[PDB]
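Chain letters run A, B, ... following the sequence lines, proteins first, then strands; residues in each count from 1.
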Amino acid sequence: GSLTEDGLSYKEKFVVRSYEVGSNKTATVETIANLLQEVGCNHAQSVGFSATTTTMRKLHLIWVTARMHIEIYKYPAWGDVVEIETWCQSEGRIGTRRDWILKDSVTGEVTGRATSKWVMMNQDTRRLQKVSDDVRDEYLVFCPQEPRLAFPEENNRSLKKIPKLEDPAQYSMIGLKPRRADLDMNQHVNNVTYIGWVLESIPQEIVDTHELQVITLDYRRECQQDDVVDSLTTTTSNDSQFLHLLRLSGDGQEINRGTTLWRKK
Amino acid sequence: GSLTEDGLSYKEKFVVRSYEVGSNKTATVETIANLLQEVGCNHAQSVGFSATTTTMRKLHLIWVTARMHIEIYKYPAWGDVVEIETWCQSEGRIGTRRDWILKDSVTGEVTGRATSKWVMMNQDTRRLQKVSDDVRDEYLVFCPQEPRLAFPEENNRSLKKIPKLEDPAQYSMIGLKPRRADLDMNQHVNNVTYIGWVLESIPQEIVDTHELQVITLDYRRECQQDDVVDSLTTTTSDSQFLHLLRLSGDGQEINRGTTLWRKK
Ligand SMILES: Fc1ccc(-c2ccn[nH]2)nc1
Ligand SMILES: Fc1ccc(-c2ccn[nH]2)nc1
Ligand SMILES: Fc1ccc(-c2ccn[nH]2)nc1
Ligand SMILES: Fc1ccc(-c2ccn[nH]2)nc1
Ligand SMILES: Fc1ccc(-c2ccn[nH]2)nc1
Ligand SMILES: Fc1ccc(-c2ccn[nH]2)nc1
């Protein structure tokens with residue numbers, strides 16, 4: 001992996017592993033999400049972050065994901081080489097955006113794209129803050145100054161407000177709990193695990209006869225390593241669409257909402 | 001990744017990823033088991049295999065793991081490059097063995113090793129069956145002829161019989177269920193998932209104060225996509241543990257194991 005010529009983006013090649021594929025012998029959207037996270041981490045390391053600054057670490061401030069949007073046109077095959085380019089851009093005091101483009105190394109064709117909104121939060125209190133100038137100014141030398149959008153379309157499917165699924169749900173998967181392998185190095189549930197829990201309530205028949213094209217996930221609250229999750233899905237629709245909700249099995253506190261678009265194989 | 005000069009073993013390098021590390025910012029034993037699995041599939045691929053022969057495929061016969069034995073001396077750091085060498089060997093009609101050696105790619109020091117026993121099974125009936133001479137000659141030109149052992153020591157840790165934990169267990173984690181990310185390309189629960197379920201009944205303070213040195217796991221029966229698992233652990237002491245996985249309902253055995261932990 002390396003910063004591009006201009007130092008304002010990062011590129012990395014991945015060979016798809018045997019255990020990274022599903023029934024199609026192609027990469028799951030969870031392997032894709034993990035590769036996005038790895039290249040994002042390598043980009044931050046490459047310019048001397050860890051993705052907080054010294055100002056942020058001093059104030060116990062972190063970046064957390066508010067929205068993930070992924071679009072896949074073709075899932076890579078086991079042993080295929082995929083190339084991912086990633087960069088960040090300020091969206092003012094609200095937060096920052098990380099975008100990705102996925103390419104077939106052999107053809108150079110775009111096979112997917114992703115974008116993500118991040119907000120600043122106090123580690124301890126869990127309270128959001130707007131981004132100070134001094135923090136804004138720290139990152140600005142690592143980001144393009146002209147807009148560079150994975151989803152340029154002034155109004156695109158990555159920017160809808162997602163509605164709250166109403167009881168009763170059409171489909172559900174009850175009593176989901178994280179195991180150690182779902183935790184990151186700070187013992188929080190990995191952002192990708194929530195993607196997996198959302199998809200657990202899609203019926204096997206959809207998964208057997210459709211491919212996931214688009215997923216948008218909002219992150220409201222985190223599942224604590226000793227919480228239990230219920231996953232709820234309702235059909236909203238040759239294209240199939242679904243509304244998704246994750247909530248704590250007990251009190252019914254919302255942790256995520258989302259939408260998926262599937263096309264027939 | 002490439003077969004070695006003599007065509008009788010396979011080598012592959014891996015850069016340890018951000019999401020592959022635990023709270024020590026080193027590779028989990030599950031990330032290590034995944035890497036063993038990946039180099040193993042690449043070795044089978046490099047010499048023409050499915051790791052079944054066209055004869056086996058016609059008979060609806062597969063290889064299934066009876067036993068996994070892993071010993072780690074140092075877990076690789078995030079960003080570190082680890083080199084894994086792997087090879088197979090007949091143990092006659094009973095089954096075959098796959099061995100691995102893990103090296104630090106910078107120092108060339110051995111940081112771990114693993115061995116596994118594999119038995120032939122009819123995919124449909126799930127009946128064991130011993131290995132025929134036709135299905136043996138096919139594999140023997142891909143395997144060293146002189147014995148080559150990751151664990152050479154005549155009657156060593158990897159060859160003990162594992163006893164059945166007795167209720168009540170000291171510790172338990174119940175209601176464990178696989179998700180799609182736990183399945184392989186044939187929609188079976190991945191061999192590595194069971195290692196994760198065994199370790200789920202180890203208390204957090206052990207995991208926080210010890211590093212895992214040795215794990216031996218026997219594979220008795222599959223967890224189906226819609227089965228529920230209970231994980232049971234009892235201290236048998238360095239700290240040592242006996243392990244049992246069983247179906248939450250009828251309490252049918254799917255695995256047994258032991259783990260050895262060193263104080264950090
Ligand atoms: F689905 C995703 C994709 C990327 C990430 C990410 C990038 C840096 N840290 N985490 N998280 C979830
Ligand atoms: F706004 C952002 C975008 C990316 C990241 C990130 C986390 C780990 N690598 N990169 N953090 C905040
Ligand atoms: F909010 C963020 C987080 C990370 C980055 C970043 C990492 C490497 N280059 N730029 N930029 C903004
Ligand atoms: F711990 C494990 C589990 C599975 C495997 C394996 C090798 C080839 N297929 N599966 N290797 C090590
Ligand atoms: F005895 C063996 C040894 C290796 C394997 C195997 C399966 C997938 N890759 N390698 N199977 C049985
Ligand atoms: F039972 C087995 C399974 C796989 C192999 C193998 C794969 C590559 N070389 N040898 N040998 C014996």
Honestly, the part of B/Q204 sitting under 4.5 Å from a heavy atom of chain A is both
Under 4.5 Å to a heavy atom of chain A? For B/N191 that would be neither
Yes or no on side chain to side chain contact (heavy atoms under 4.5 Å, CB included) for B/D208 and A/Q187, after CA distance, side-chain angles and deciding distance? CA-CA 11 Å; B/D208 287 336; A/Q187 263 125 315; 3.7 Å; yes
So, the part of A/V192 with a heavy atom under 4.5 Å from chain B: the answer is neither
- Message: Can you tell me if A/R221 has over 12 outside heavy atoms packed within less than 6.0 Å of its CZ?
- Response: no
Okay, A/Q45 and chain B: the region with an atom under 4.5 Å from a heavy atom over there is side chain
Is the number of heavy atoms from other residues, nucleotides or ligands within 6.0 Å of CD1 (B/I174) greater than 12?
-> no
So CE of A/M185 and OH of B/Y19: to nearest 0.5 Å the spacing works out to 12.0 Å
Bottom line for A/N34: the part with an atom under 4.5 Å from chain B's heavy atoms is both
All heavy atoms of B/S18 vs all of A/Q37, minimum pair found to be OG-NE2, 4.1 Å
Flag yes if more than 12 heavy atoms outside A/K177 fall under 6.0 Å of its NZ atom; otherwise flag no.
yes
Next on the checklist: Could you check whether atom NZ of A/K264 has more than 12 heavy atoms from other residues, nucleotides or ligands sitting under 6.0 Å from it?
Outcome noted: no
Among A/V21, A/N42, A/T26, the residue with the most heavy-atom pairs under 4.5 Å to chain B is A/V21
When A/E12, A/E38, A/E20 are each screened for salt bridge (charged side-chain N to carboxylate O under 4.0 Å, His left out) with B/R17, the one that passes is A/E20
- Query: Taking NZ, NE, NH1 and NH2 as the nitrogens, is one of them in A/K25 or B/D184 under 4.0 Å from a carboxylate oxygen of the other?
  - Reply: no
* Asked: Charged N to carboxylate O under 4.0 angstrom, A/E30 versus B/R179?
  -> yes
The interface call for A/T28 against chain B, heavy-atom contacts under 4.5 Å, is neither
- Message: Test your reading of the model: is there a side-chain donor-acceptor pair from A/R180 to the backbone of B/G196, 3.5 Å cut-off?
- Response: no
